[PDB]
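Here the protein sequences line up with chains D, A, C, E, B and F, keeping their order.
Residue 2 is where the first sequence starts when you use the authors' numbering, and the numbers rise one by one after that.
Residue 2 is where the second sequence starts when you use the authors' numbering, and the numbers rise one by one after that.
Residue 2 is where the third sequence starts when you use the authors' numbering, and the numbers rise one by one after that.
Residue 2 is where the fourth sequence starts when you use the authors' numbering, and the numbers rise one by one after that.
Residue 2 is where the fifth sequence starts when you use the authors' numbering, and the numbers rise one by one after that.
Residue 2 is where the sixth sequence starts when you use the authors' numbering, and the numbers rise one by one after that.
Input: a single structure, listed below in C-alpha cells.
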Amino acid sequence: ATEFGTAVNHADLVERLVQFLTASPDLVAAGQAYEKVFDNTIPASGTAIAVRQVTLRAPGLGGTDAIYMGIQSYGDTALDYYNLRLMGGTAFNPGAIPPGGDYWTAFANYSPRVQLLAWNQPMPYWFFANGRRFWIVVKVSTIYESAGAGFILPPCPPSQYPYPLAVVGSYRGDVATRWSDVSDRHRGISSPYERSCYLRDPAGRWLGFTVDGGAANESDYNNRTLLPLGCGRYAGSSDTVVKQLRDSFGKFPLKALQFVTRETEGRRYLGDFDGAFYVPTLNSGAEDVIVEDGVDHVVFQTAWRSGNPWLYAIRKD
Amino acid sequence: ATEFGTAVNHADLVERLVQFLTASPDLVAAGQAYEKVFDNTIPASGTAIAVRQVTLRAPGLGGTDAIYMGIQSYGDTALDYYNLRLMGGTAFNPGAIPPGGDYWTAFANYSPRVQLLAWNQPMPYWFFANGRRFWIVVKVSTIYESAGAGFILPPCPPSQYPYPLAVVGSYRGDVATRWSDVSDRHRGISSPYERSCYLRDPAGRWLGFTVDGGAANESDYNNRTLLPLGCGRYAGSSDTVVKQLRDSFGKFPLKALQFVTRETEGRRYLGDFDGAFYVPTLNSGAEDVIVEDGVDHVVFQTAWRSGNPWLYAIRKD
Amino acid sequence: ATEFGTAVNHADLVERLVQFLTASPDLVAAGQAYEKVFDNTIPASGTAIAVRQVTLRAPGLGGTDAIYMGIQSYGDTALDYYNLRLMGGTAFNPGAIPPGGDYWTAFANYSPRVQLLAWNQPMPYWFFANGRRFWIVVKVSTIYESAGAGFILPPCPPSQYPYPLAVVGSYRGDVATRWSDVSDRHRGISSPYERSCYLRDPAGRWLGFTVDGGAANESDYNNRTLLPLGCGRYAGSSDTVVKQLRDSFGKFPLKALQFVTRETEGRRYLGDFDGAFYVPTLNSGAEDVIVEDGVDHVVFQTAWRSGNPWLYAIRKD
Amino acid sequence: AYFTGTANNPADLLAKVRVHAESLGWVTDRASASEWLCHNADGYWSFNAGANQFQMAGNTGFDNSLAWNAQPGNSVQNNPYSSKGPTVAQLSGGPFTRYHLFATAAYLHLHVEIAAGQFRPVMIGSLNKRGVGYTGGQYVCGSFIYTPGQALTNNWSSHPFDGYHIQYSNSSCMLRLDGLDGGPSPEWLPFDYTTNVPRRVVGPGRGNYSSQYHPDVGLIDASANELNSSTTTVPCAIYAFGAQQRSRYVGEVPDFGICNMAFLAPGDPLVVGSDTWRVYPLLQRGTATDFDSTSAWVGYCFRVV
Amino acid sequence: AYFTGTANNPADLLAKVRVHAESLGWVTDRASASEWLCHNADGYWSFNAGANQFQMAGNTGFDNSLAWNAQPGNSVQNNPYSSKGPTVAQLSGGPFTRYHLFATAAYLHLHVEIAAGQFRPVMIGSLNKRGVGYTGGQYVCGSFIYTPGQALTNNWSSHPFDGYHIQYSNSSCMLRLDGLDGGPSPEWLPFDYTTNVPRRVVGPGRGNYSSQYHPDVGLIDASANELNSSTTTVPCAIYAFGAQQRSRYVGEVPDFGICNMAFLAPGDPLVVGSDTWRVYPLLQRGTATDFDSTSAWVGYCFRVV
Amino acid sequence: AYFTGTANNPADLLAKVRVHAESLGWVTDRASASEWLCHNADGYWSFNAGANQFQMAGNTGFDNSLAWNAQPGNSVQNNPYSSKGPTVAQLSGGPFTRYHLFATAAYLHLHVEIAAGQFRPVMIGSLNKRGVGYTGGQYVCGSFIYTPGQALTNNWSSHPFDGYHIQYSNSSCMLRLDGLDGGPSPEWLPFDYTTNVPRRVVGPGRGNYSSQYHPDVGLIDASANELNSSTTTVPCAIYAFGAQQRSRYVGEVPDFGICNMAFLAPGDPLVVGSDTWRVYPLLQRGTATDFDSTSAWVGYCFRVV
C-alpha cells in the first residue's frame, strides 16, 4: 500500500505506479487491485514527448463500489515539462468519444482535470494507495509536488450518498505550467487555490474548494472551504493560533482536514481527508516520520512556501 | 380532490381548506388525508387581524413518504391586507423554537416562505389537492392569485431522490405586500420571478427558479430556469413562437412545464409540474374548461398581465 | 338613461348601444334621442371583421345645441381584436370626403380618435347616457375598459363658450392594440396618459390632458392636467394624501374630477366631469354601488392596476 | 352678520366682539375685561387677550375655579405635541386700522387690518358635517408671524389651516376629532405634517406655497380665469391622518373659500349667483412669487349675508 | 423492424430498401433501378438516386407519363419558394460503411454511415396526429452539407427538421399541411425561418445551435442528467406559422427523439422502461462547442422494436 | 450518572450535588452548609455559595485554617491578572426550574434551568490527556451575565471556555497548566485574549460569535447537515499561548461537544452510534443572529451513560 523509491523518468514513474496498483502484495492478497479499463496513445507527438492515457477502475474495500479514474502524461520539450494530469468519473464509454478531440469528455459527469509537475530525470517518489483513495508525492530537489484522489468519509450512511469522490492536485489542469513556477497558486492538498480541489456533491454537481478567495475564481466557491486553514473567515486578525501552532513537548498534534460548505440555501458538513492532516514547521520539516499509536505519518510541504500553514502530514500505515 | 366555492373571508377560506384536506370523500376513502401536527396563535394582535399558524403532514399516495408543510395567516388593517403565507419542510420540533421569534425556524432545512394575497370579504376560490401536491387559486375581481406546493415527477427512481419538494407562490414571502400591487413581480406559478418558486435539490439545498433575470436576485439562480417560458435564452429575437402560440382548429394544446438547471458544474433535468401546463390567450381566458381525453383542465392568468406567455391551465381531474 | 347587460359580441354590443340611444324610455319621452346622420361600411374586409361606421347628432338637454359624434368598429382576426373607435366633431359633410381615404377627415375641426378594447364573445356591459354626454364601461374578466364623451360643466355662461366638448378613452386611437395589453398606458378616464383625453378650447383648438408626464407626448400638454390625481406637481414626496384616501366610517367620499391648464400665457379653469369622481380601493372594488342623497354611484377600476389612485366612480342616476 | 369697526387696542376688539356675540344669543359662561370662557350648541372656547396677541383654546367642559388654560379636556394637555402649547394669534400693539367681523350662531370669523396692508385673521367655528357622522369638528385658528423685517412667510411660520410648518412650541390652528383610532374622546388634533405623529390633520391653509400638502392647491392657483376674468370658490377640504397612515376626508370650512387675487384689489366683490362674496388678502398685497416677504396673492373669500 | 447492411453505391441502398418495403406490404406504384413512385395509406412519395445524392419529393396523385418531379400536387411547384426546388439529401460516392434502417407501415427511417464518423439521415413518414384533426402531416427529410473541409454545419447548411438556415435554392426537409389559411389543399410547407413568407413551419432539427428557434431546445441540452447519468426522450414538436403570424402546434415526430451524447458512445443503448432506444450521432462525433466542423453532440434516438 | 432535580435556592443545589458526589466516592476534605473543599485523584477544588451566585477556585494543597480563597496554590494569587479574582458563576435568587447533573469519578457537569428559558452551566473536571505528558489539566468553568435587560451576551460578558471577553476583575473559567515556560509549577491560566499576557489559554466557549478566536468555530456552524438533518459532535479543543507567542494544543473536553440547535428543540436527543447524546441550549433559545439578547443557537452536548 506504500512505496518509496526513485523513478528514472516520468514514464517509468507512471509504470511503477501502475505496477504498484496491480501487484502490491497487500492489494493482490486482499483483492483490492484496480482494473485498467483503457490504455492508449492517440496523439502524434511533434516537438513533444509521447502522451500516455490510462483509465482505471477501483472496486473499493467492500467490493460493491464503482470508482473510475483517469491519468495522462503530457509533455513539451521546448518548454521542458512532463506534466501528469488526473481526473475522476463515474462511467466510461470509448464509443462516446467524438471524432478527434479527447476521451476525457466521454466520462459521464466529467470533472475538470488536476495535475502534478515533473520532468524526465531521476526523481524520488512516494506512493500511498488504498482501495478507496490514492496519494502521490514527488521530491523535486527542495520542492514537493503532491496530488491524489478518492473517497472522503462523510458522517452519514453510505446508502444515500454512495459516491463521495474528491480529486486534489497542486495546480489547475486547464493550463500548461512549468514546475519551476514560483507563483502562489502552485500549492498543495491541504490548501487548494484556484481550482486545485474538487468534490462531488450528492446532487451530482462538482463543487470546488479553496482556502482563500480569488477574483479570477467563480463566486460560488467563495462560500465553501476547508475550515482548518480557513480560520480567517471568523478571526479579526491576520495572525491566529493555526499559523502559530507548534509541537507539545515533542508530541506533534495531527489535526484532521475538513470539508465545509456555507451556502445561502443551507449548510452541510461533508467529511474529512482520509490520511491527511496539518502539522507545524518549527524544529521539523518534510521527510520526517512521526509515530502515533503505532501508526506512522510522513511530512510534506507545499512548493510556494514551507511556512506553518503550508505543511501537512500523510498517513503511511 | 377539487372544490369550487366562495369563502366569506380569509379565515373561513383557510377553515374550508383544512376541512377539504381532512374530509374530502376521495381523501378519506382512499386514506390520503393530511395530519395537522401543529396549530397555534402566538402573537398578540394589535392593529392587526389574528394570526393563525398551522403545520400539517402528508403521507403521499403510497403511504411511505413524509411530507411536512406549514401555512400562516397574517394581516394588517391599516394597510388592509390579509396575506396567507406558505412554507415547506422535512422535520418539525416545537421544542426547537427559540424564545419568542417564530416557529418556522424550527423546521429542519427550513425554506423561505411564499404567499397568496387576499382580504376579508367574500372571495371565489378553487382548491385542488392530491396526496403529493396542493394547488390554491383565488379570483379577486379580475385578478387571479395562485400558489401551491408538492412533489414534482423526476424521471429517475424514487429510491435515491425520495424528496423532490417544490413550493411556488405569486410573490416572495419575505416582505408584506398589498394585493392591489401592480408591479411586474406579482405573477403566477408558470412564471416565477424574484424568489417565487423554490425546489429542493437532491443534495438538500434549496434552489430558486426564475423565468427572467433580475439584478436584485442572487447570481446563482440566473443559470437555472423553467425552459418553456424561458425560450429567450437561445432565441435571438424578442418575439418567438411561444408568445404567438394559439389553439389548433379548436383544440387547445397543453404544454408541460419543466424545471431545468444549467450550471458550470454540470447539467440535470429535474422534472415536470404535475397538473400545470401553458395555454394561449386569444379567443379564451380564465374560468374556461377544456376536456382532453375525458380529463378536464381549468384556465387561469397572472395578476400583472393576461398576455399569451402569462396564462396557464391546471388539471382538475 | 342606464343599461346593464351582456352583449353576445361587439357588433351586438354596438347595436344595443344605438337601440339604447334611440329607444330608451327616458330619452324618447323627454325628446333627448340622438340622430344618426351617417351609417356605412366602406372597406372590403379581408382577414378582418366587418367595419361599421356611424355618425350621430345630439341636440342637448335644451334642444338648442349641436353635438356631433362618430363611432367605428375595427377588428383583425389574426391579431384577434375587435376595437371600437370614437371621435367628436362640430360639422359633417359626406361630400367633403376625398376619394378613398376615410370619412373622419370630413369633420370640421376634426379631433383624433380614442377607443375601447373588446372582442367577439359574450361581454358584460354598462351604458350611461344623457343628452350631453355618454359613458361606456365593459367588464372583460377582471379588467374594466371605459370611455365616453360629452360636454363638461364650465363655471361661465354658455353664451360665449357654447361648445365644451371632451372625449376620453382608455388608450390612443392612432394605433391598433390588443386588449391583453399590460402596459401602463392602458388606463381609464380618471387618469389619461399618452393622448387618452382631449378637450376643445374656446379658441377652437383641441388640447390634450395627461395626469403624468411623458417624453413621447408633445411638450405643450405637460402644463395642462387633471389636478385631483395630479397632486404630484406641488407635493415634495411620492406618497400623498390622495393615494392614501379611504372611506370615513363607512361613508365613501366622492371627489369631483377637474380640468386645469397652467400655461405661460395665462391660467384658466375649465370645468368638471359630469358624473365621474375619484374613490378609494380598500375594503371596496368595482361593481360596488354606493348611495349618496338618494343617488347611486357605481365603481370601476383601470386595466393596468386597481390601486387607490386608479379607481373611479360613475353616477348612474 | 357683517360688522366693521376700529380699535386702538386688542381689548377694544375683544369688548366689541363679545358685545356682538351676546346681542346674537351667544352664551358666555364667564366674561371679563380680558378673559372669556364661552360656548354654543356645538362647542366650548376660551380666549385671553395679551398685550399684543390673543391666546385661544378649545374646551369640553367648564370649571370656574380653573385658569383660562386649565379647563376640562383643554387642548394644552390633550395634544400630541410634547410642548403642550395652546393656540396663538400674534397681533401688534395698535392702533388697528379696522376690523371686519362675520358673526353667526355656529361660527365667528374676524379679519383685522392692524396697519396699512397688514391683516390678521382669527377663525372659530365647527366644520359642516355634510352628513358625516363624527363627534367634534370644532376648529380654532389664529395667525403667527415668524420675525418682522425678514421673510415674513418663512418656512417656520404657521398659518390657519396650514399644511406645512416648522415649529416645536406653538400651533396656529387646531381641530377637534373625537375617538380617533380608539383613543379617549378628548382629542385636539393640530395642523402639523413633519412631526410624524400617528394622528394629525392637514389643510389648504398656506394657499399655493411651494411645499403645501393638499391636492386642491392647483385649484387656488387656477381660481382665476384669464379668458373671462371669472373667479370661483374652492371648498376648503380638511384631511386627517390616522395610525395606519390611512387618510380620511373630514369636511369643508363653512362659508369660506380661497382664491387668487392677481386681478382683484382688496375688498373687490364678485357676485357669483345669488350669494355675494367678500374677498380680502391674508397678510399683505405683494407679487406672484413673493412667498418670503408677504402672502403673495392668496385671498380669503367669505359669503356675505 | 431493424435492418443493417452495407452498400458500395447509393443504388444498392435503394434496391435493398425497396426490397424491405415490398416485403412489408409497402405499395410501389412504379419502380425502376433508380426511380421510385410509391405510396401508402397516408401519402405518396417519389425518390430518385443520383450519382452521389438522393432527390425526394412528396405527391398527391399519380401519373405514369409525368417525370419524377412532375407528379400531381408535387412540392416543386406548390411551395412558397421562388426557386421551386425539391428535397435533396447530399451523399458521397461510397463505399458506404454501413446502413441502419427502421421500417414500419407508416414511416421509413434510414441512417447511413458513409465513412468512418460520417453519417447521413433520411427520414420519411407522417406525424402522429395525436387526435388533432388536420389533413396531410406527411414529412420528408434529407441531409445537406455546405462544403467539405470548411465549417460543415455552417449557417447556410440545412438539416432535417431544421429551424434556421440560409439558402435560396434547396430545402433539407418539408411537411404537408393542407388548406392552411384558406389556400388550395395542396400545400408543401418547407422548414424555413428567414424568408418571412406568410406560411411556414419550424422544428428542432439543428438540436442546440446558438440560433435554433424552438422552445424545447433547452431540453436537448438538459437531456443528460449528471447526478445519475440518466437520459430521457424529448418529443420533437413541430410548429407552424400562418398568415397572421399566429402559430399552431401541429404534432410530434413518431418514435423519434433528440438527446445529448456527451456521456454516450455511438450506438450505446439505454433502456428507459419496457421500450428500448438506439442512439446515433447526426453527422460526426466532436466536442461540445464544435458547431462549425461537426454536429457537436446531438444524438438521434429511435425506438427499436 | 444522570440526575435531575429541583431547588428553590442555590444551597439546595449545593446539598444535593454533594450528596451525589459522596454517594459516588468523591472525597470531601471539608464540608459545610455553604462551603466545600474537596478533591479527587486528579485535583483539588473549592466552592462557596453566595446569596445569588457561586464562587469557585482551584487548589493544590489543603489547610483547614485558611479561608475558602486562601488555600495553598490558589488561583487567586497565582494568576496573571492584576485584579486577582477567583472564578464566578452568577446565578439568580430562584426558585430554579430544574437542574440536570452529570457525575463521574473524574468530572462533574451541571446545567441548571433557573427560569423558563434561562440556563446556567457549571463545569469542573480534568481534560483528557490523550497521551500528552503534562501536569495539571484541571478546568473549572462558571457562567457570567453582563447586565439583565440589555444585550445579555455583550462583548464584556465571559462564558465557559470563552475565547473573547472584556473584563478586568473576574473570569468565567480557568485551566491548570504546570511549569509553563519554566515558571513555578502552580499556574492557573485564565481564558483571556486581549490582555496580551505572555502566557494564556483559549477555547471555543462562545460558540460561533463574530469575534470568537478558534479554528474549529466553522464546525459548530456546520454541525448541522441540511441534506439529511444529521448532527455531529465536534471535539472542544483548547489552545495555549506561551512566552514566544508559540501555541501548543493541550487537549479536548471529555464527553462534551458543541453544536448548532437550529433544527432541534431543547432536550431533543440524536443517538449517533451506540452512545447517546443529550443537547441543551447554553443560555436561552433565540434566533440565528441574536448574539446580543440571547445565546443564539449554540447547544452543549453531553454523552449520557
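Cβ atoms here follow ideal geometry from the backbone N, Cα and C, with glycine treated the same way.
Exercise. Who are the Cβ neighbours of E:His21 in its own chain at under 8 Å, not counting the five residues just before and after it?
Worked result: Counted from its first residue, the fourth sequence places residue 21 of chain E at position 20. Here E:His21 has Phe4, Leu102 and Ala104 as same chain residues with Cβ atoms under 8 Å from its own Cβ, once five neighbours each way along the sequence are excluded.
Exercise. Quick one: what's A:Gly151 bridged to in DSSP?
Worked result: Numbered from its first residue, the second sequence carries residue 151 of chain A at position 150. Note: A:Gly151 sits in a beta bridge opposite A:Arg134 and A:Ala167.
For this session: Tell me, please, which residues DSSP counts as bridged to E:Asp276.
Result: Against the fourth sequence, residue 276 of chain E aligns to sequence position 275. Bridge partners of E:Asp276: E:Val273.
Exercise. Going by DSSP, what residues sit across from E:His110 in a beta bridge?
Worked result: Your numbering for residue 110 of chain E matches position 109 in the fourth sequence. Answer by DSSP bridge pairing, in chain order: E:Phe103 and E:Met124.
Exercise. F:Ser66 versus chain A: which residues are under 7 Å apart at the beta carbon?
Worked result: Walking along the sixth sequence from the start, residue 66 of chain F turns up at place 65. Those within 7 Å of F:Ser66 in chain A number zero; the least Cβ separation is about 48 Å.
Exercise. Using 9 Å as the limit for Cβ to Cβ distance, is A:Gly32 near chain F?
Worked result: Within the second sequence, numbered from 1, the residue matching residue 32 of chain A stands at position 31. Between A:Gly32 and chain F, the shortest Cβ-Cβ separation is not below 9 Å.
Problem set entry | Partner residues on chain A for B:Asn155, Cβ-Cβ distance less than 7 Å | For the purposes of this step, residue 155 of chain B is taken as the residue at position 154 of the fifth sequence. Those do not exist, as B:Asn155 stays about 17 Å from chain A at its closest Cβ, beyond 7 Å.
For this session: List the residues that DSSP assigns as beta-bridge partners of F:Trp46.
Result: By 1-based counting over the sixth sequence, the position of residue 46 of chain F is 45. According to DSSP, which records beta bridges pairwise, F:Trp46 is partnered with F:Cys39 and F:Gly59.
For this session: Measure from the alpha carbon of C:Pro125 to the alpha carbon of each residue in C:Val15, C:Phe260, C:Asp240 and C:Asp202, then state which is nearest.
Result: Residue numbering aside, residue 125 of chain C sits at position 124 when the third sequence is read from its first letter. If we check each option's Cα against that of C:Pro125, C:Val15 comes out closest.
Exercise. Among the residues of its own chain, which have a CB less than 7 Å from the CB of B:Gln54, if the five just before and after it don't count?
Worked result: Counted from its first residue, the fifth sequence places residue 54 of chain B at position 53. Hits under 7 Å: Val89, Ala90, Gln91 and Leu92.
Exercise. Between E:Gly95 and E:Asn10, which are expected to be in contact by the criterion C-beta below 8 Å, what is the C-beta distance as a whole number of angstroms?
Worked result: Walking along the fourth sequence from the start, residue 95 of chain E turns up at place 94. Walking along the fourth sequence from the start, residue 10 of chain E turns up at place 9. Indeed they touch by this definition, with Cβ atoms about 5 Å apart.
Exercise. Applying the criterion that 16 or more other CB atoms from any shown protein chain within 10 Å of the CB defines a buried residue, is A:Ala119 buried or exposed?
Worked result: Numbered from its first residue, the second sequence carries residue 119 of chain A at position 118. The residue is buried, with at least 16 neighbouring Cβ atoms inside 10 Å.
Problem set entry | Contact residues within the region 109 to 120 of chain F, judged by C-beta distance below 7 Å to chain A | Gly118
Exercise. Taking just the CA atoms, how far does B:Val113 sit from B:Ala12?
Worked result: Counting from one through the fifth sequence, the residue named residue 12 of chain B turns up at place 11. Counting from one through the fifth sequence, the residue named residue 113 of chain B turns up at place 112. Roughly 13 Å separates the two Cα atoms.
Exercise. Cα separation between A:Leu200 and D:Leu154?
Worked result: Taking the second sequence and counting its residues from 1, the one referred to as residue 200 of chain A is at position 199. Taking the first sequence and counting its residues from 1, the one referred to as residue 154 of chain D is at position 153. So the alpha carbons of these two residues sit roughly 28 Å apart.
For this session: Scan the region 60 to 83 of chain A for residues whose Cβ lies nearer than 8 Å to a Cβ of chain E and list them as they occur along the chain.
Result: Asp77, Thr78, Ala79, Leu80 and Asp81
Exercise. What first and last residue would you give for the beta strand (DSSP E) that runs through B:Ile259?
Worked result: Along the fifth sequence, read from residue 1 onward, the residue named residue 259 of chain B stands at position 258. Note, B:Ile259: beta strand (DSSP E), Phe257 to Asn261.
Problem set entry | Validate contact between the region 281 to 300 of chain A and the region 242 to 254 of chain A using beta carbons, cut 8 Å, 3 pairs | yes
Exercise. Roughly how many angstroms lie between the CA atoms of C:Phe108 and B:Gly243, to the nearest whole one?
Worked result: Here the question's residue 108 of chain C lines up with position 107 in the third sequence. Here the question's residue 243 of chain B lines up with position 242 in the fifth sequence. So the two alpha carbons sit approximately 39 Å from each other.
Problem set entry | Residues that B:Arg247 contacts on chain C, provided the C-beta gap is smaller than 7 Å | The sequence position of residue 247 of chain B within the fifth sequence is 246, counting from 1. By Cβ distance, chain C contributes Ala79.
Exercise. Which residues does DSSP pair with E:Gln246 in a beta bridge?
Worked result: Within the fourth sequence, residue 246 of chain E is the residue found at index 245, counting from 1. DSSP, once it has assigned bridges, lists no residue as partnering E:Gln246.
For this session: Kindly list, in the order they appear in chain B, the residues whose Cβ is closer than 8 Å to that of D:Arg206.
Result: Numbered from 1 along the first sequence, position 205 holds the residue referred to as residue 206 of chain D. Here the neighbours are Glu227 and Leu228.
For this session: Starting from F:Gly6, trace the alpha helix (DSSP H) both ways and give me its first and last residue.
Result: Numbered from its first residue, the sixth sequence carries residue 6 of chain F at position 5. For F:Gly6, there is no enclosing alpha helix (DSSP H); the enclosing beta strand (DSSP E) has its first and last residue at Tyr3 to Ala8.
Exercise. Roughly how many whole angstroms lie between the Cα atoms of C:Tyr235 and E:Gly118?
Worked result: Taking the first residue of the third sequence as 1, we reach residue 235 of chain C at position 234. Taking the first residue of the fourth sequence as 1, we reach residue 118 of chain E at position 117. Each residue's alpha carbon lies about 28 Å from the other.
For this session: With a 10 Å radius around its C-beta and 16 neighbouring C-beta atoms as the bar for buried, classify B:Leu153 as buried or exposed.
Result: The residue you call residue 153 of chain B lines up with position 152 of the fifth sequence. Classification for B:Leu153: buried.
Exercise. For the region 98 to 111 of chain A, which residues have a CB atom closer than 9 Å to at least one CB atom of chain I, in sequence order?
Worked result: Looking at the structure shown, chain I is missing, and the protein chains on hand are D, A, C, E, B and F.
Exercise. So is A:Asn284 in contact with chain C if we call contact Cβ pairs under 9 Å?
Worked result: Position 283 of the second sequence, counted from the first residue, corresponds to residue 284 of chain A. Interface residue, yes.
Exercise. How long is the line joining the alpha carbons of D:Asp103 and D:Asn41, rounded to whole angstroms?
Worked result: For this step, residue 103 of chain D is matched to residue 102 along the first sequence. For this step, residue 41 of chain D is matched to residue 40 along the first sequence. If I take the Cα positions, the gap works out to 11 Å.
Exercise. What is the rounded straight-line gap between the Cα of F:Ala50 and the Cα of D:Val280?
Worked result: Counting from 1 along the sixth sequence, the entry for residue 50 of chain F is found at position 49. Counting from 1 along the first sequence, the entry for residue 280 of chain D is found at position 279. F:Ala50 and D:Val280: Cα-Cα distance of roughly 45 Å.
Exercise. Three or more C-beta pairs closer than 8 Å, one from the region 170 to 180 of chain D and one from the region 162 to 179 of chain A: is that the case here?
Worked result: no
For this session: Show which residues of chain C have a CB atom less than 9 Å away from the CB atom of B:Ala244.
Result: Taking the first residue of the fifth sequence as position 1, residue 244 of chain B is located at position 243. Chain C residues near B:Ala244: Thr48 and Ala79.
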